[PDB]
């Protein structure tokens, strides 16, 4: 009954075109270990074969047309992806497609465009007179032609770009007659501009087309939902309308989670309010608390984990996570949760009652960057925690955040899941004990640490309490033998 998401990629995976086939082959393992949905990387053609997918050259080329030096995307062909989805669906695993609609990269040709420079620290401030630039804005899709969509893109579908090809210069340019979209993040004055050619969501043909593409994408891949990329750079009312639109056209629930990247609960709450709470967000503040705890050597106050997070205020709209493709080593938002702490963080997201937790491919299987700081494969340490969630993390919760280091929580179990109930402890410093209440209904049961970190049994007393142990900088999750 508990649902668990997996982000099924990391940044540095090899460009061998076998990822979709790998996903197909992993479907039995995923289903067996309690994964109920996967977020797949962007499935459409990027600026090159080795694009992770955020380039977003051609949204209608799912590895089907010979464009940018390749038919396949990094991850494989359309047919291979459709087969992977078919295998996942046969095991009741839902699939969330990544939606990259902030920008378009890798335009087929430049156009001459009149523009002004803007201050990268305050994009509302103009820093030049008008000048003629060569911007990468013409999309003709020569390998695809009009198959699926005859929509062509031109400079006037965008607000701006970061590159003038004529002078060969990297600045933020705003096109003549354009205005940055609102509402977006107010960072850098207005954070509409991020990268490549920035889509103009004031343009009514653009809003219609991105909506029409959304339905097409959902149909083509039989998606159950979406992950929205870079949403702090995209007109909030448009994202609301897009989600409603696709739900209306498909007639499906289409669970959606947006990546609004800001370590700030208030900003996230503003985004939720302005999108009418129609979709979830990733719990970025919780990720930064995990990173903080993992880097402070026991000095972190573990009590802080209960506050300042999306999951603490809006649990039904929080997708909780430990690390992702932006926070992994070497990447643009690097804030990796250190390996020693990582299982403790997974206990926090997987065994507590609030939030929709997500497991990271890079944590399960390791990351394949070129550094000596890559995340090691932690599958074996995460699996017992996944099993705790799947089989034991049910029923009423009791919190014990009553200590700088050793914090814990229990779950009483639910009569709908036989033998359910658990008692979790984590500590960023010295180990020790904590007595916790697991429910009088569990009186006299013998519980053991499903992680194997502690080998002692705990017998629950008549009053429903057990004396639970945890090792230094460790995690233990006791459940009925």
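Residue numbers count along the first chain shown, from 1.
Across the two stretches, 9-17 and 461-469, the PDB entry reports the greater mean Cα temperature factor for 461-469. Stretches compared: 182-190, 360-368. Higher mean C-alpha B-factor in the entry: 182-190. Annotation for 77, 351, 110, 280: 110 ranks highest, by Cα B-factor. Residue-level inspection of the entry shows that, of 342, 291, 303, 104, 303 has the top Cα B-factor. Among the modelled residues of its chain, residue 224 has a C-alpha B-factor that falls in the lowest third, as given in the PDB entry. Per the PDB record, residue ranking by Cα B-factor puts residue 98 in the lowest third of the chain.
Among the modelled residues of its chain, residue 198 has a C-alpha B-factor that falls in the lowest third, as given in the PDB entry. Residue 72: CA B factor in the lowest third of modelled residues in this chain (values from the PDB entry).
In the deposited entry, the Cα temperature factor of residue 439 sits in the top third of values across the chain's modelled residues.
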